[PDB]
Amino acid sequence: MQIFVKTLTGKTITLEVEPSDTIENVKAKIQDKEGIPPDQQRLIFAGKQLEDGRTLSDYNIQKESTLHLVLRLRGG
Amino acid sequence: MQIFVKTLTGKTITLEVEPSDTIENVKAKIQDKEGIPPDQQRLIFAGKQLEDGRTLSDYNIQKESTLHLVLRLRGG
Amino acid sequence: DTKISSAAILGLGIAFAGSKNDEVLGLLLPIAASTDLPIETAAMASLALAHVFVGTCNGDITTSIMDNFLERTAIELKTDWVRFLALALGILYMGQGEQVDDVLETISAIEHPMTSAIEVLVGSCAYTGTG
Numbered sequence: 001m002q003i004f005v006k007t008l009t010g011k012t013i014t015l016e017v018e019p020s021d022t023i024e025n026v027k028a029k030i031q032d033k034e035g036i037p038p039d040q041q042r043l044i045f046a047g048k049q050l051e052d053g054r055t056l057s058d059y060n061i062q063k064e065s066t067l068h069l070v071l072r073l074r075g076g
Numbered sequence: 001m002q003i004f005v006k007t008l009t010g011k012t013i014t015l016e017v018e019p020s021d022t023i024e025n026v027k028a029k030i031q032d033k034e035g036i037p038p039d040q041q042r043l044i045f046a047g048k049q050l051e052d053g054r055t056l057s058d059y060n061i062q063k064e065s066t067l068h069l070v071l072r073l074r075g076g
Numbered sequence: 482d483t484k485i486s487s488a489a490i491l492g493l494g495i496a497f498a499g500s501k502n503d504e505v506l507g508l509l510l511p512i513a514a515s516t517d518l519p520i521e522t523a524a525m526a527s528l529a530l531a532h533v534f535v536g537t538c539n540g541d542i543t544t545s546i547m548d549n550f551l552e553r554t555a556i557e558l559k560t561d562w563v564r565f566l567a568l569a570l571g572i573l574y575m576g577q578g579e580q581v582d583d584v585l586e587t588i589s590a591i592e593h594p595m596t597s598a599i600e601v602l603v604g605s606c607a608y609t610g611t612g
């Protein structure tokens, strides 16, 4: 399915994933798109935050779902 | 090349390094200049924190690059 | 009386007032959320930027400010500054924009009913409030 990812900056990303896909796999796909390191990411969806390992299915995340992505608490 | 190291609120230190230079090596040059021990340093660039081992070439850090010298201390 | 502090930040605010330089920010942000040094000169700084980026809101900002209300961390100390901080998050935007609406959605998506007080502040303002 094609899920969207809205950043806290002002941009969206259309990533093609599936239900069996692991949140970890997603974070990786993002790092390839932009350049943000996994150890520095925060995905939130209608419900709560997506933990590593689990699959997009666990969070019943369907297609066209907006994933609120936020960077770690830093400064620069 | 001559890279710059701006301190949060101290001064801008300039160190002559190269692309094959390892971050750890840089931190060493700083410890010799001032007195801050590596185990108490944190080079941040464009918001992207640099990890030890890597080289100034991995981050593409060119010459006259402004590095934000930040401190850190956590573990518990 | 008035702490020389205000006088200091005041000068800086009028310094890089009209200068969208990614430098000042690259220094203020950290000192505002570098996860280390105290939270003293931090709070003030946070406001300094708000004044400048009062209109055009950046990302690295709402990101750190947000990752704060949640993780907070910057706990090294505590006293009274959540007032000025919350205020910024409000004026952080121009005013008329559903953008804020989304933000609130994030704060609601996550637990931590402590920031509730804030949810009522920003909420009451902008849309969803007046009648």
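Chains as they are written, first to last, in PDB author numbering: chain B, 1 to 76; chain C, 1 to 76; chain A, 482 to 612.
All C-beta atoms in this analysis are idealised placements derived from N, C-alpha and C, irrespective of residue type, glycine included.
Between the Cα of residue i and those of the options, spot the shortest distance and give me the residue it belongs to.
i, options, result
"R42 of chain C", "C:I3, C:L8, C:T14, C:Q2", "C:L8"
"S20 of chain C", "C:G75, C:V70, C:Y59, C:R72", "C:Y59"
"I61 of chain C", "C:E34, C:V26, C:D39, C:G10", "C:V26"
"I3 of chain B", "B:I44, B:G76, B:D52, B:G53", "B:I44"
"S57 of chain B", "B:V5, B:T12, B:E18", "B:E18"
"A590 of chain A", "B:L15, B:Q40, B:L73, B:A46", "B:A46"
"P511 of chain A", "A:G612, A:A526, A:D582", "A:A526"
"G540 of chain A", "B:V70, B:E24, B:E51", "B:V70"
"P594 of chain A", "A:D583, A:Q580, A:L551", "A:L551"
"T22 of chain B", "B:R54, B:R72, B:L67", "B:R54"
"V581 of chain A", "A:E600, A:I556, A:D482", "A:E600"
"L585 of chain A", "A:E557, A:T554, A:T543", "A:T543"
"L73 of chain C", "C:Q40, C:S65, C:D52", "C:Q40"
"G10 of chain B", "A:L602, A:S597, A:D583, A:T611", "A:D583"
If you reduce the DSSP assignment to three classes, tell me which class residue i lands in.
i, result
"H593 of chain A", "coil"
"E16 of chain B", "strand"
"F4 of chain C", "strand"
"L570 of chain A", "helix"
"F45 of chain B", "strand"
"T522 of chain A", "helix"
"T611 of chain A", "coil"
"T554 of chain A", "coil"
"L528 of chain A", "helix"
"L67 of chain B", "strand"
"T55 of chain C", "strand"
"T544 of chain A", "helix"
"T22 of chain B", "strand"
"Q580 of chain A", "helix"
Any idea if residue i is buried or exposed, counting beta-carbon neighbours within 10 angstroms, 16 or more meaning buried?
i, result
"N549 of chain A", "buried"
"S500 of chain A", "exposed"
"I588 of chain A", "buried"
"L506 of chain A", "buried"
"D561 of chain A", "exposed"
- Message: At a CB distance below 7 Å, what residues from the segment 587-606 of chain A approach chain B? Give them in sequence order.
- Response: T587, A590, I591
- Message: Which residues of the segment 546-572 of chain A have a Cβ closer than 7 Å to any Cβ of chain B? Give them in chain order.
- Response: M547, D548, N549, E552, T554
- Chain-ordered residues of the segment 495-507 of chain A with a beta carbon less than 7 Å from chain B: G507
- Task: Give the residues from the segment 34-63 of chain C that approach chain B closer than 8 Å (Cβ to any Cβ), ordered along the chain.
- Result: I44, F45, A46, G47, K48, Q49
- Taking Cβ-Cβ distances below 9 Å as the criterion, which residues of the segment 515-532 of chain A are in contact with chain C? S515, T516, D517, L518, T522
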